[PDB]
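Every number in this text was worked out from the coordinates using simple rules, so none of it is lab data. Cβ coordinates were reconstructed from backbone atoms using ideal geometry, including for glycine residues, and neighbour counts include every protein chain displayed.
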Amino acid sequence: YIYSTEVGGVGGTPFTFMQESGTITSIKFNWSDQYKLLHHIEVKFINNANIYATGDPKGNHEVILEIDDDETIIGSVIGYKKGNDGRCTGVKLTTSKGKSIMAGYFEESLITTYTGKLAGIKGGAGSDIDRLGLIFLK
Amino acid sequence: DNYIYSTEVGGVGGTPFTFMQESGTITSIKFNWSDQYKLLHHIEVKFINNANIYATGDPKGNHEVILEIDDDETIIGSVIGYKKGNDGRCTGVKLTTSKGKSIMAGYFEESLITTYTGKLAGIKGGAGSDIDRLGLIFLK
Amino acid sequence: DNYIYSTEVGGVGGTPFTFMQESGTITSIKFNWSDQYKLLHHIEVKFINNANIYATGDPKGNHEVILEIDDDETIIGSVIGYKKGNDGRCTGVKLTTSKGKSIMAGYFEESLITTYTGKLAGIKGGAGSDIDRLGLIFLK
Amino acid sequence: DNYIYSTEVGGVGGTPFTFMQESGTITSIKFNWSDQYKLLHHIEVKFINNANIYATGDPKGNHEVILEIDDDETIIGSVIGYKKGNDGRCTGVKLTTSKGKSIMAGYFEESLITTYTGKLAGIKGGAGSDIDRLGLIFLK
Amino acid sequence: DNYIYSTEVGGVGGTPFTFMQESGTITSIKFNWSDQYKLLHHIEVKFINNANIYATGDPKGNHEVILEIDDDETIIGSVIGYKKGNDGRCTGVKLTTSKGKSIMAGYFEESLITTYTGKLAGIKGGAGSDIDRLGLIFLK
Amino acid sequence: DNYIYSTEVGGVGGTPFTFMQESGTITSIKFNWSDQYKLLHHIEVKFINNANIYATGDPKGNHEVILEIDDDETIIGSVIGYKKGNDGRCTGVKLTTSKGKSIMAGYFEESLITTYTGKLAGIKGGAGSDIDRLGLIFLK
Amino acid sequence: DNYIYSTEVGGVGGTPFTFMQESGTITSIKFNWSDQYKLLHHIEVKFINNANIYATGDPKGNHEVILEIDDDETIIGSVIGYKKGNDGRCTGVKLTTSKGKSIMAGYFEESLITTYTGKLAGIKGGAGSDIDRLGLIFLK
Ligand SMILES: OC[C@H]1O[C@H](O[C@H]2[C@@H](O)[C@H](O)[C@@H](CO)O[C@@H]2O)[C@@H](O)[C@@H](O)[C@@H]1O
Ligand SMILES: OC[C@H]1O[C@H](O[C@H]2[C@@H](O)[C@H](O)[C@@H](CO)O[C@@H]2O)[C@@H](O)[C@@H](O)[C@@H]1O
Ligand SMILES: OC[C@H]1O[C@H](O[C@H]2[C@@H](O)[C@H](O)[C@@H](CO)O[C@@H]2O)[C@@H](O)[C@@H](O)[C@@H]1O
């Protein structure tokens, strides 16, 4: 496993979504024009009908990316407000098959992450996504 | 199964539909939508070697688009727009094929799914006056 | 047959027509249309090794385009615009070839089909004053 | 023959002309046109191994463009603009070669033909004060 | 050495810094800058196999960008903007990697260097309230 | 000969010039032009293995461009602008090489020729105060 | 020699300079220019395996640009702007490398040379308060 920097604030309840010998097949991002933040994320893993969720699903928008079993992330950008009082603002992902999604806003700070097979996510959430970091295979 | 089910997106309303063929795939798919409600109202599908039309929803929109699919031709990119919620609806579809054919139907103002790719084999969801919910189905 | 029939789109009106030739393909196609009605009115087709001009519909429009097709040249992209319904009509045609030639004829305000691709071999549909419906025919 | 004849487009007016040479091809072509009438008026042509200039039409226009063609050079895209009708006229010519050379001469605010491609071998049509019609001729 | 040192650009101010490691390269670099002063203020760096964060300058800017670098990933394009002079400053950085990742930080209004390319191994310069001077370091 | 002569374009005025060398090619060419008259006034040429500068016309323009040509480098695109007529003049030159070098000199408002391509070997035409006419010369 | 000398462009004044090294090539070049006079004023050059900085002209401009050159990296495009005349001057430089690096320094309002390409090995010309003239030098 490769751990990409968790970006955003130090707030919210911790979460770690990863599963032995499995990878992410679906990820959903929920955000608002009201606060220009991510509020909620859900993830499903290959061979597991369970939905792992975090944060309050209170936003007016929601995008889903479904990921073929041989499909990698070749480009990834997370927008955030920096600081202890920080927050995760947006996500742009682009895959090895030219699929892409764009969620929320990118007006303050950006990270272009590591690339590879997306395997999990970790960070903190409450009303909002406080911090978010991606996890890849090695 | 031998099938991949992409998420049914939209609401919980309407009459169920499931359109698949055991040793067959979709060769033609049609989307009907309105500028009045910015929704998808009606869908039709034909399957390889079968002139019969499987249809669902009320064909009441002012626009229709049809995509024909060559027998060796895959979907390499697929986006469905929808309103989220139990009271949700399907809003638009963009498909792009392995031969650079593409279609764009309805609106993409609220929520989006970029689906799984592959040989498009069927569709399932619910419809009434509108397309309440839609999920694509692929081979392996 | 050894032919692929793309959906005839438009209305149910007009006199039937079918233009094909055994062991022959289309080398020239002409579209005639009006800004007055935003419709196709007339189509002509010539086939390799055949000096005859096969025509249908009333040649009443203010615009004409001709596409000539080299013997080894395929259609790699094809879009037909139409008004849907029993009362429908064929509104426009956009073709792009394997040699980067392209044409755009009439209007695409209501409904679209992206057809099958391949070596264009014939056309079938109905015409009178206008082109009621039209469908392309390719080779396998 | 061993020649491919693109459609002569334009009107039925003027004196006929045919510019070809057995075992020869065109190395230079000149188009003369006016902003006053938005028409071609005059064409000149030279052939490989022949210092003679073949001309047709009245050279009265304010613009002139010349395309020289290398011996292994081929036309990969060609458009002629024209006014349709018995009283028709040739309005413009756009050629693009296999070496990325191109020219654009006169106007295209009317009917258009995308012709056949290949080694340009000659031209035929009718001319007087104006170029009434024009058709390209290629090898095989 | 085993290292290529690109010119330190900017002023002679601030506290020196040198961030390198034996048998190691940079996996993460962060730039902090302001719209108020159109300068870089703060930089952080992590190295492969070392959870420590090496920092310099005052983190007082309204913007931050981070570039994470895969173990086999090189810099193929690099531009640093700066004010020249003893009282100089580092104004902006544009980096582009061998995997098409890129970042753009701060402003490019006065002077530019396009640096040497390769596997980024470290950085060195001076910082205080702002980043006074900066120079990249690559492998061989 | 072993030479290809592009059309001399422009007027019939000025003193003749012909600049060529057996078993030699052009390595440098300079064009001098004015915004006052929108004409070329002066041209210079150097040949491989020959320190001499061959010049013609009055060097009175406010602009000069020089193209140096590597020994294996060809002209793949060439455009000369001119006023047609007995009282004609050469107005501008665009050249583009096999290595993507290019130059653009003077104006292109009236008439254009896209010439033959190849290894540029010499120039011929007439000059006085202005470049009256100009024709390029290539190898085989 | 084993060197190619591109035309020195600009005026005949300034103090002569020639920067070359046997079995060595340029790894860094810096250009200093002003918006006040729209001229280059100063140039510095470093060579592979030589910590010395070779400089010429008065470093009085408000802008500076530096290009670093990897050991296997060539100039594939070079453009120098200048004022022509005995009282001439060098106005700007644009360089593009075989790795897609580039720089742009000063102004290009009067005259241009698109010089020879290859491995940049040295520079020669004249300088004082400004860069009177400048010529690049390449390998073979
Ligand atoms: O196409 C040009 C035309 O030139 C000559 O006729 C011209 C003129 O004299 C006539 O008055 C008008 C009438 O329509 O036509 C031309 O402008 C003839 O050579 C004619 O055959 C030719 O078409
Ligand atoms: O990095 C800029 C600057 O930082 C520090 O200087 C600060 C302050 O003490 C100085 O007085 C003012 C300028 O006079 O600049 C900053 O506010 C020092 O580290 C200095 O070396 C450096 O230039
Ligand atoms: O290109 C710089 C220029 O520097 C020197 O000339 C300077 C001065 O001495 C001249 O008199 C003024 C004229 O007002 O021009 C410069 O300021 C000389 O080295 C000269 O050759 C050179 O051009």
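Here are the numbers:
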{"read-out": "Mean Cα-pair separation over length for the stretch A:2-136, i.e. relative contact order, pairs under 8 Å, 6 or more apart, %", "value": "36"}
{"read-out": "10 Å Cβ neighbours from other chains, averaged over peptide A:56-64", "value": "4"}
{"read-out": "Per-residue Cβ neighbour rank within 10 angstrom, fewest leading, C:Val9, F:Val12, E:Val45", "value": "F:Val12, E:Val45, C:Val9"}
{"read-out": "Centre separation in Å (Cα based) which lies between the stretch B:88-140 and the stretch D:8-57", "value": "55"}
{"read-out": "Length-normalised contact order of chain G in % [C-alpha pairs under 8 Å, at least 6 apart]", "value": "36"}
{"read-out": "Peptide D:65-71, shielding by other chains (average Cβ, 10 Å cutoff)", "value": "6"}
{"read-out": "Other protein chain Cβ atoms within 10 Å, averaged over every residue that makes up D:26-38", "value": "1"}
{"read-out": "Which listed pairs, of D:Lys83/D:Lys140; F:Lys94/F:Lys140; C:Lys38/C:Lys140; E:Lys84/F:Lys38, have C-alpha distances above 31 Å, in listed order", "value": "C:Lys38/C:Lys140; E:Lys84/F:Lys38"}
{"read-out": "Cleavage-rule hits, trypsin sites (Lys or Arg not before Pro), the stretch G:65-112, DSSP coil, Cβ neighbours within 10 Å at most 14", "value": "none"}
{"read-out": "Loop-exposed GluC sites (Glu not before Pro) per DSSP, neighbour cap 16 Cβ within 10 angstrom, longest uninterrupted part of chain E", "value": "E:23-108"}
{"read-out": "Computed FRET value (nearest 0.05) for E:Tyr107 with G:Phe108, which takes r as the C-beta separation and R₀ as 25 Å", "value": "0.55"}
{"read-out": "Taking N as its residue count, the alpha carbon Rg of the protein assembly as shown over 2.2 N^0.38 Å", "value": "1.14"}
{"read-out": "Among B:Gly13, B:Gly125, B:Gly100, residue whose mean-square fluctuation peaks in a GNM of chain B (springs only between Cα atoms under 10 Å)", "value": "B:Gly100"}
{"read-out": "Viscosity 0.692 mPa s, 37 °C: Kirkwood-radius Stokes-Einstein D of the stretch A:2-136 over Cα pairs, µm²/s", "value": "226"}
{"read-out": "Max mean-square fluctuation residue, GNM over chain D, Cα-Cα springs under 10 Å, options D:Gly77, D:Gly11, D:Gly85", "value": "D:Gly85"}
{"read-out": "Global geometry of chain D, whether rounded, prolate or oblate, following the gyration tensor of its Cα atoms and the 1.5 cut on a/c", "value": "rounded"}
{"read-out": "Set of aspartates and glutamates with alpha-carbon distance to C:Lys60 below 19 Å, sequence-local pairs under 8 removed", "value": "C:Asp35, C:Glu44, C:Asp130, C:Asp132, D:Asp87, D:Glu109, D:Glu110"}
